[PDB]
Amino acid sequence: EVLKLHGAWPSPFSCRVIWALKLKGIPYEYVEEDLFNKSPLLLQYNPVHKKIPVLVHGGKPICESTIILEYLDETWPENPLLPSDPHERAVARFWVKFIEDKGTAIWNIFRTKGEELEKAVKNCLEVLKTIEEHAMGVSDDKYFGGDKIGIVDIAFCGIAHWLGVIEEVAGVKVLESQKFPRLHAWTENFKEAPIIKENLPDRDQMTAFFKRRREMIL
């Protein structure tokens, strides 16, 4: 069955799926989708939200990055992203949903100035604090998945890699190592992981790309 991933190179959400595919070593064909002028296939595949990623297996589309990750686990069980224990799965699903629900708190820094910027920074700091204080282990593990990358690690990839770009692009500091030390350590450990590291879109290049987009929003 032909497997195609429709994505966009600077999207954290598309990158989640790239990572998940690469951690399992599943072959796929990648398709870049323009987001200003959308393709007929994107609109056919995702009539409800019209967003990437879409994973298409045997011509059948699956929308939503988090839902795609679960589908990958069910169809290719080797190297699970989900914990095996049902209680632990439930807690991991909680943090995936949480970051889905709060993810705007990253992206609002990106597109605001002045006093609405000062407010977005405030909302973002509360999300980070909640993760720092409630989501991190009772354990000595590197990753939310233990000694290997799991679904919460992937779901938090925005925090690990995109927030720092967006901070620099908006001219603010948010995720400071001394404030969120456990989350900070995790970001460094995540990005230094094999497979993650080799598939991180270039920081400096994303920074220039988002710099351009921010100006042309302000």
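Each residue number is its position in the shown sequence, starting from 1.
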Quick one: higher average CA temperature factor, 13 to 21 or 206 to 214? 206 to 214
Averaging only over Cα atoms, indicate whether 44 to 52 or 164 to 172 has the higher B-factor in the PDB entry. 164 to 172
Highest Cα B-factor in the PDB entry belongs to which of 91, 127, 117, 82? 117
Report the option among 131, 99, 72, 105 whose CA atom has the maximum B-factor in the deposited record. 105
So where's residue 32 on the chain's Cα temperature factor ranking, which third? middle
Could you say whether, by C-alpha temperature factor, residue 110 belongs to the lowest, middle or highest third of its chain? highest
Taking the values exactly as deposited, rank residue 58 by C-alpha B-factor within its chain and report the matching third: lowest, middle or highest. highest
Test of reading the entry: by CA B factor among the chain's modelled residues, which third contains residue 8? middle
